[PDB]
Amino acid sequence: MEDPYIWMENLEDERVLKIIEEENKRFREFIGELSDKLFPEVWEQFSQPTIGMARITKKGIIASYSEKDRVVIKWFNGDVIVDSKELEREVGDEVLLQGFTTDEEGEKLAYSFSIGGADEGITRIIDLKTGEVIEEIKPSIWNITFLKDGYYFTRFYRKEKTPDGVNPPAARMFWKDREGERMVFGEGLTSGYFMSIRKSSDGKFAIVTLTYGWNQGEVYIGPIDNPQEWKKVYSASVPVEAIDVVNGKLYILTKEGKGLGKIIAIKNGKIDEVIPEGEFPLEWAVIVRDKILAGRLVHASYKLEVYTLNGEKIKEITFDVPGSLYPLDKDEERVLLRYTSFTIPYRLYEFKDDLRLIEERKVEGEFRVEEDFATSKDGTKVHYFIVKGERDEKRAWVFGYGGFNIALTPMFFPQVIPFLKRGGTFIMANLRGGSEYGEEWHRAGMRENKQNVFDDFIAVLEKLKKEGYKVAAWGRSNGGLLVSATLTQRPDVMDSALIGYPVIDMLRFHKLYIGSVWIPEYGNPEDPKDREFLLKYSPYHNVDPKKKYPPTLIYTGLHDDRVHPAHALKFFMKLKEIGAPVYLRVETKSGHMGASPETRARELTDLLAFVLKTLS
């Protein structure tokens, strides 16, 4: 099938580079002054201390933080262990710090980073008392689980074949100790299988979870020191999460059945429900002491539920402000949870028998978090969050995603704060295709149902318009598709459009970078039956010259390795063809944002600047 802009898939074509150069200039002249004036306000919010991961050891908590241009790993209220700045001088390059873990004893720490925004990374294992690098592994490994004098770990094969000769993408599990390294699990597994391992709370069992896309899950358990005796004990036609093994009994969180999440247990092959499916999703569950601590997702924010090991509900905990809440780590006694919301970068909580707050960073101001519902084409209620400042200039910045079983739950958007301060309202919409209401909610936005997602977003945008708001619609990656499709269908419901790192060409998405992995979500363009519903919304095929379009910003990054910039370039050329007020920003500086904040903060400042200028 001919494509007039196929040459744009070659990012080294001189025609492509000319366009990128031209449009970055035009965009900079367009928001450059405003962006330079707002940058300090954005930078202030972006760069403040933000926790990443945390770990429990016998010696105390170890946590990572971002602040400004550096990232550190430190003893909680204690010594810095790893400093991204120290690292950069040692290796003489920009470094992104990915994750870390430790041993139970708090004497060994493993952390992974990437030199100069390399697509490859590094793993170092260090001694926590002296700080000596015990080991340095290249490429980086994952899921390090210390035992005795060594550890299990997983490798994810991206470019290379597996040792047993299987093509990527693939995963394999290894054991490493003084005598050396050997593969312990995953031999013969075809491409697409992923694995992870965790210990039981008592340290006696390996719990190994195996996953193939959305439609297969397997659980294995056995003696932590003996992979020869690891046995499959559960099979499911969806990925499930193994929680723990306690007193001969394996606990699993599964979205089998209606798809909302329940906890089952297996003992000697018999399967019992522990906590049956409820009205709202059960997103995670952990066992601590003799209790089950469960994260319940009620209209896309978290309430905390505490149960006995037998599934009798003991207590319920809600939060003052709707938030996202996730388990970071656990030991036998306690779990650490990270909370986040629109005006709360983070809270660090400790759960032992009850919930206790041990750290908080919040943005000061009289901010309100409200919630409402819009009604979609087919009657579906579309929940959304509303964030407001003290002032109301009737200007709304509306964010959605809608896909891939991702719930949109409260989180901190640094560039929205100055917006709220200027009378703006931030809206986060809970569209179909997400996990907000279970696997059925997700399925209701996949393949032929993808139009439902756009209908839900339209319903929110149109509600805001009727209420008198000026409206800027914003989304990234599958969320870029969201705004792009909505723009070509109902440009009349937005006064501004922001399209981030989008998927656009729905007949060729599967031919660029990793896009084939999205086939179960969107459908398969080689099949005419799927093309039939794909072409009904594909933005690349559905630009309407008869329509009037609002100011539109498409933004991407020249060196993104997941969502090919050609989507953005092609949609930009299509809008150019009809003289639409469209802009294109292509980030050229390398790497992402984890420990290289200024490039990312500028990008976000550019978005804020575009909203402020185009809605006025």
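From 1 onward, residues are counted along the sequence shown.
- Between 427-435 and 112-120, the higher mean Cα B-factor belongs to 112-120.
- If you average the C-alpha B-factors over 466-474 and over 139-147, the higher value belongs to 139-147.
- Highest C-alpha temperature factor among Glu371, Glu390, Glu305, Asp456, as the PDB entry reports it: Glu390.
- Listed residues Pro525, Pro491, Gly248, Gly403 were ranked by CA B-factor as deposited; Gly248 comes out on top.
- When the CA B factors of the chain's modelled residues are split into thirds, the value for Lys511 lands in the middle one.
- In the PDB entry, a CA B factor belonging to the lowest third of its chain's modelled residues is recorded for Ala609.
- In the deposited entry, the Cα temperature factor of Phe46 places it in the middle third of its chain's modelled residues.
- Per the PDB record, residue ranking by Cα B-factor puts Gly311 in the middle third of the chain.
- Sorting the modelled residues of the chain by their CA temperature factor places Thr588 in the lowest third.
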